[PDB]
Amino acid sequence: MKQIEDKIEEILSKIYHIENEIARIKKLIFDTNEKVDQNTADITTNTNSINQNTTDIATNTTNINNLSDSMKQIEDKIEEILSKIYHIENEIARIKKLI
Amino acid sequence: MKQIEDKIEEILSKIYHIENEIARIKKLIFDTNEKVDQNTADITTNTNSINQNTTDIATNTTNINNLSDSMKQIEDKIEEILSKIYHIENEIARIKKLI
Amino acid sequence: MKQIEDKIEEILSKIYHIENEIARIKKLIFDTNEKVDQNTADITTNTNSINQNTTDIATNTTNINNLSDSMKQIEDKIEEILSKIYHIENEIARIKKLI
Ligand SMILES: [Cl-]
Ligand SMILES: [Cl-]
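Residues numbered from 1 in each chain as written, not as in the entry; some residues may be left out. Chains lettered and ligands numbered in written order. Heavy atoms only, no water. Residues with missing side-chain atoms left out of burial classes, pairs and counts.

Novice: Sorry if this is basic, but what is going on with the overall build of chain A here?
Specialist: When you go through chain A residue by residue, the secondary structure sums to one helix and zero strands. For a compact globule of 99 residues, the expected C-alpha radius of gyration is about 13 Å, and chain A comes in at 42 Å, more than 25% above that figure. Over its C-alpha atoms, taken along the principal directions, chain A stretches across nearly 140 × 15 × 15 Å. (Helix = DSSP H or I, 4+ residues; strand = E, 2+ residues; numbered from the N terminus. Rg over C-alpha atoms; globule rule 2.2 N^0.38 Å.)

In structure tokens:
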């Protein structure tokens, strides 16, 4: 009756502490899940942005390639032009000798 | 003994409830970690993607600079071509007057 | 009463085991949060990389558009230059026939 009720006093006080710890734990878990859900939200955003960026890069890469082809064709024509202009200047110099 | 038995009955009931809470809490934790691990997997994919994209942007940026530099040369050459043509046109107009 | 003693010892053991389970649960929670906080740190790094990449893409996109514009203009100028040259060659042919 003195040790048994000592024992029950210990049991009930431990149970009450455990109840508190369970309450604190539930809160920790809630607070954790807020962080986790915020992370999932942020990840979803980033995933969408990466997708868009990957698409915009692909497009940019295609266009660069396109512009590169065009540039080569341009450089080609310009070399022809400069060569033709040189022929012309020499034609003119020959004509000026005959007048 | 009757009072102690009543106390034991309440104790056992509380302990039963605590055990259920704890089982519930464990489930919560493991479900939380399913999400956390999927988050981590998704971050990993995104990081790889961000890395590919960063490289691809670097390449595109270099190609753009190179095209921009070629373009500047081309524009100078067109300047030169146009002045040569203008000179030629003058020379031609003069020659036409002499013949 | 010897049963009562068995039962209290039973109870004390179960409470001991519950306390250990609580301690284990807390550890799980803090370990979970280490993963969560690392995820948060990694998401932040990725957000910053994405924001930079988005800007750089925009810059590149603008520059491609500007180069494309420039090249379209050069192509127009070449079209005209080539016309000026056909005409010049015609004139020169005419001059050659008159001298
Ligand atoms: Cl780009
Ligand atoms: Cl997370």
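There is more to say, and it comes next.
Novice: Explanation requested: the pattern of salt bridges in the structure shown.
Specialist: Oppositely charged side chains can pair when the atoms bearing their charge come close. Throughout the structure, instances matching the rule amount to 26 salt bridges over all chains. Notably, a salt bridge pairs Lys96(A) with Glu91(B), separated by 2.9 Å at the nearest N-O pair. Here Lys96(A) is found in helix α1 (residues 3-98), whereas its partner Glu91(B) is found in helix α1 (residues 2-98) on a different chain. Overall, the relative accessible area of 42% leaves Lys96(A) in the partly exposed class. (Salt bridge = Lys/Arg side-chain N within 4 Å of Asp/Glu carboxyl O. Buried < 20%, exposed > 50% of the residue type's maximum accessible area, 1.4 Å probe, protein only.)

Novice: Please explain the packing of α1(A) against helix α1 (residues 2-98) of chain C as it appears in this structure.
Specialist: The description of two packed helices rests on the angle between their axes and on the distance between the axes. Packing of α1(A) against α1(C) brings their axes to within 1 Å, and their N-to-C directions diverge by 10 degrees. On the basis of their axis angle, the class for α1(A) and α1(C) is roughly parallel. Of the residues belonging to the contact of α1(A) with α1(C), the class tally is 47 nonpolar, 19 polar and 18 charged. (Axes fitted to C-alpha atoms, helices over the stretch in contact; angles between N-to-C directions. Parallel < 35°, antiparallel > 145°, perpendicular 65-115°, else oblique. Nonpolar A, V, L, I, M, F, W, Y, C, P; charged D, E, K, R; others polar.)

Novice: Sorry, what's going on with the relation of the copies chain B and chain A here?
Specialist: Between the two copies of this chain, the relationship is a rotation about some axis together with a displacement along it. Mapping chain B onto chain A calls for a rotation angle of 116 degrees and an axial translation of 0.1 Å; the resulting RMSD is 0.6 Å. Here the two chains are linked by the operation of a three-fold rotation axis. Relative to the rotation axis, the C-alpha of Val36(B) is the closest in chain B, positioned 3.6 Å from it. (Least-squares fit on C-alpha atoms.)

Novice: Any chance you could explain the environment of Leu67(B) here in plain terms?
Specialist: With respect to the helices, strands and loops of the structure, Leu67(B) is situated in helix α1. Residue classification places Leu67(B) among the buried residues on the basis of a relative accessible area of 8%. In contact with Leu67(B), other than residues within four places in its own chain, are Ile64(A), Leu67(A), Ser68(A), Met71(A) and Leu67(C). (Contact = heavy atoms within 4.5 Å.)

Novice: Sorry if this is basic, but what is going on with the interface of chain B and chain A here?
Specialist: Reports often express the size of an interface as the amount of accessible area lost when the parts come together. The interface of chain B with chain A comprises 42 residues on the first partner and 44 residues on the second. Summing both partners gives a buried area of about 3500 Å² for chain B against chain A, and 78% of it is carried by carbon and sulfur. Where chain B meets chain A, there are four salt bridges. Note that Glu5(A) and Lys7(B) form a salt bridge whose closest N and O atoms lie 2.5 Å from each other. Taken together, the links from chain B to chain A amount to 11 residue pairs in polar contact. A class-by-class count of the residues in the side of chain B that touches chain A yields 24 nonpolar, eight polar and 10 charged. (Buried area = accessible area lost by both parts, 1.4 Å probe. Polar contact = N/O pair within 3.5 Å; in protein donor to acceptor, adjacent residues only side chain to side chain.)

Novice: Can you walk me through a nonpolar patch on the surface in this structure?
Specialist: A grouping of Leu98(A), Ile99(A), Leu98(B), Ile99(B), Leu98(C) and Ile99(C) is seen on the molecular surface, where their side chains present a nonpolar patch of about 600 Å² in accessible area. In this structure, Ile99(C) sits in the segment after α1. (Patch = residues over 30% accessible without salt bridge, like charges linked within 9 Å, V, L, I, M, F, W, Y side chains within 5 Å. Areas by Shrake-Rupley, 256 points an atom, 1.4 Å probe, with all protein chains shown as cover.)

Novice: How should the interface of chain C and chain B be read in this particular structure?
Specialist: Listed per partner, the contact involves 42 residues of chain C and 45 residues of chain B. Tallied by class, residues from the side of chain C that touches chain B come to 25 nonpolar, eight polar and nine charged.

Novice: Before we go on, may I ask you to explain the nonpolar core in this structure?
Specialist: The tendency in soluble globular proteins is for nonpolar side chains to be buried side by side. The biggest cluster of nonpolar side chains holds 30 residues, and the ones touching the most others in it are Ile74(A) and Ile74(B). Of all the elements in the fold, those that place two or more residues in this core are α1 of chain A, α1 of chain B together with α1 of chain C. In this structure, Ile11(B), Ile4(C), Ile18(C) and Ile25(C) belong to the second largest nonpolar core, which totals 25 residues. (Core = buried A, V, L, I, M, F, W, Y, C linked by side-chain atoms within 4.5 Å.)

Novice: What am I meant to see in the side chain of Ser70(C) here?
Specialist: Note that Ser70(C) resides in helix α1. The exposure class assigned to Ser70(C) is buried, which follows from its relative accessible area of 18%.

Novice: So what exactly am I meant to see when it comes to the environment of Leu28(B) here?
Specialist: Considering the arrangement of structural elements, one finds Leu28(B) in helix α1. Between the alpha carbons of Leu28(B) and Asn46(B) there is a distance of 27 Å; along the sequence they are 18 residues apart.

Novice: Explanation requested: the side chain of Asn39(C) in the structure shown.
Specialist: Tracing the chain through its elements places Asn39(C) in helix α1. When neighbours within four sequence positions are excluded, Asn39(C) is seen to be in contact with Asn39(A), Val36(B), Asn39(B), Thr40(B) and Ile43(B).

Everything listed here is a matter of geometry and, on its own, says nothing about what the molecule does.
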